[PDB]
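Just one chain follows, in the form deposited in one PDB entry, and it is written as structure tokens.
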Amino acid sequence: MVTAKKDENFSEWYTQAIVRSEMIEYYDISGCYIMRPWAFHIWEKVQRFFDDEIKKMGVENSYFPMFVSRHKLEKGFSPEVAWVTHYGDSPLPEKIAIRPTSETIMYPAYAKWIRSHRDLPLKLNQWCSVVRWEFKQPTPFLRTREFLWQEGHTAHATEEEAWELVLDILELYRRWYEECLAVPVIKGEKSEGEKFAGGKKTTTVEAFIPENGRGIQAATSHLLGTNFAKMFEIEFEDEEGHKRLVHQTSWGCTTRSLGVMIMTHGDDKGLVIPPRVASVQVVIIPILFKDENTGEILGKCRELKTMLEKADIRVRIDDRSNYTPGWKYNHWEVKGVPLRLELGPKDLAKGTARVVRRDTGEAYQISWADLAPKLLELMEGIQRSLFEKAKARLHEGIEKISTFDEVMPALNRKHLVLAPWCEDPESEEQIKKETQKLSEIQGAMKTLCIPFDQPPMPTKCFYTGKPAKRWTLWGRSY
């Protein structure tokens, strides 16, 4: 099914991968796509995880409206907003905006529900769709005009507590990516120019696509401080009587996560799905031809299914009579099912099953008896091993450097760069403009993050010459 090579035309391979796997169907409204069951079930897995996890922090789900009136919304973002002007042929008395994000919808309610210290912390989240008329090239999952996300918005008595929630959420994004999707990410802070301008400090969790050198933002979690509180009058009264503004966080993650998974683990044969989010972990394929024991094969397959299910192993028997076994191999292969269990006559009175692991192609003869624990063994190996190879690929792709003249060759090898920087407002804008100048002539490099994990700083700013403050990862991005 898949004929483009990941390492040759990466955009075509991507498109082939997501289409031939049946994850995505193309659509006539530019920048929008149909998520098919095979993609959708993966979303449900990660949604269920994060949701359970934030529930344990006392976050509660809600649903606020998708419309916001012009007046409330309009108290680089403006061009993106979709506006409803009519119902039927009738013009609205005033046009209304489809929500691009929900601060202006939720925060007036907050000012109202928060009167007393008794009322904090207020922690809410919502799963919804968001619409932005994106100017950049859209890409299925990574950047779409309608996407699905969660946005979580909290308010607290103290900077201390809100900040602690910020890091807690960021940890859960690392887990969404690293634990669920086996995609390695790097926690850090955003530069003053990349952060959410309505907040005090933006934390982020950053990913990398080796095949085009692009960094990509996996998720984000903001300490908002008191700015939105003053703007929206979210004041509260302490236990000593005084009238203080609240300290807020907000944080979101999207269907982009799926796109990043697909890009990280995919190969020339198509998708490869980490076991932890695969709706089919093991596919069973009865081998049938010239009528050899047709009934005996099928009967065992059902025994094995109930078997493996005793272990919470998600199993599907590909039982369908209208497709050949070779067809079934290719299908589940392109779909990225982690384990294929093949079973014909030879393996019937042999008491075994052949099992092929999607990541490497390695095959195992395994006795009916040893399967459940040996598949559990393998599924952990697949999952651990996808993450590990990816962390290695990520680290091969970051060059540590000290001087500006190292930049372009790193960027030409499609690598990020870790460099000491004075964290000056202008330097970043200058660096973008110049890296564009050089790329045009041969592409803008930006700040991706200031990582939490700072190496030792014995040192001059790699661009300005000034005294450098911290190590900052840069690159081309999405």
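All residue numbers are counted from 1 along the displayed sequence. Rigid core: the largest C-alpha set superposing within 1.5 Å between the two forms.
The protein also exists as the form deposited in another entry; that form is not presented, and the subsequent description refers to it.
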Mover between this form and the one not shown (rigid core aligned, C-alpha >= 2 Å shift), picked from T403, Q365, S116, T324, is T324
Aligning on the rigid core, do we see the C-alpha of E194 shift 2 angstroms or more between this form and the one not shown? no
Superposing on the rigid core, is the CA of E292 displaced by 2 Å or more between this form and the one not shown? yes
